[PDB]
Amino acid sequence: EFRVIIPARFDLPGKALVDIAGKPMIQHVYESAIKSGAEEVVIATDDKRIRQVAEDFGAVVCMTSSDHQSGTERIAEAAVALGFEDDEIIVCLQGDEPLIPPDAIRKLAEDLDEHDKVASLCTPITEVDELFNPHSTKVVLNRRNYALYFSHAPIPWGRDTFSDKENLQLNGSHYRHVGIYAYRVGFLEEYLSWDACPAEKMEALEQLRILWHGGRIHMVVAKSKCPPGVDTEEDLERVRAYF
């Protein structure tokens, strides 16, 4: 009823295989996908070392092309190689997100199925330090929970409050974006025809491409804690300290 594809990268050098409490990161990610109730979970990678490690814990791996460098290109190649029909729901779960609640993965799939193109997940920001951290991605929502914008900048900005952080309390006000999407397979062909935009390149946020091209992304707010993922060595030590 839905399938998970996990794009996993090697060049944090050796990222997908960094040890987290005994298991490589990609294994943690894979386990979250299984527990979600996905019909099938597949790891998509262009790296043979990642293939080896994932096959050795029993994962199905789709080897993708060194040409297809973005996560979504990988997903697309894998989705073609695996034979997914245009009506099938794919969850793209980034290999840098090892701590997404499995129920949230499923909820994301349900959201996209409930409504007749792309859904993604976010979580409340309650700590001022996280809001203002340029490493975190913020997302601003409209009334119906569609994304208006995604940024590293602290948005929405408190015109009269951000200059007084000691009195600043965050109360339903701000959301952090999680690296997971739900897409129908059909959408990936249209998506891949679109070129990049300046904002996506500045922010290094590929999802801005969808907004640039007049597309919409529906957001689901995770009920449960969704710890931030792992892109830096600081992130890795934080996540290792959860166990």
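One-based numbering along the sequence shown.
* Missing residues, deposited sequence, between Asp11 and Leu12 (class: none, 1 to 3, 4 to 9, 10 or more) -> 1 to 3 residues are missing.
* Taking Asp116 and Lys117 as adjacent modelled residues, how many residues of the deposited sequence between them have no coordinates (none, 1 to 3, 4 to 9, 10 or more)? -> Missing in between: 1 to 3 residues.
* To do: Determine, for stretches 59-67 and 175-183, which one has the higher mean CA B-factor as deposited.
  => Higher of the two, by average CA B-factor, is 59-67.
* Asked: Comparing 43-51 with 29-37, where is the mean C-alpha B-factor higher?
  -> Per the PDB record, 43-51.
* To do: Specify which of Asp96, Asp103, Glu88, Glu130 carries the largest Cα B factor in the deposited PDB entry.
  => Highest C-alpha B-factor among the listed residues goes to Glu88.
* Asked: From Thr126, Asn142, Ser136, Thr72, pick the one with the largest CA B-factor in the entry?
  -> Going by the entry's C-alpha B-factors, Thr72 comes out highest.
* To do: Would you mind checking where the Cα B-factor of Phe84 ranks among the modelled residues of its chain, as the lowest, middle or highest third?
  => Ranked within chain, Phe84 CA B lands in the highest tercile.
* Relative to the other modelled residues in the chain, which third contains the C-alpha temperature factor of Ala241: lowest, middle or highest? -> As the PDB entry reports it, the C-alpha B-factor of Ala241 lands in the highest third of its chain.
* In terms of the CA temperature factor given in the entry, to which third of its chain does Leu148 belong: lowest, middle or highest? -> It belongs to the lowest third of the chain when residues are ordered by C-alpha B-factor.
* Within this chain, which third does the Cα B-factor at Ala78 fall in: lowest, middle or highest? -> It falls in the top third of the chain.
* Going by the recorded CA B-factors, say which third of the chain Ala196 sits in, lowest, middle or highest. => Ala196: CA B-factor falls in the highest third of its chain.
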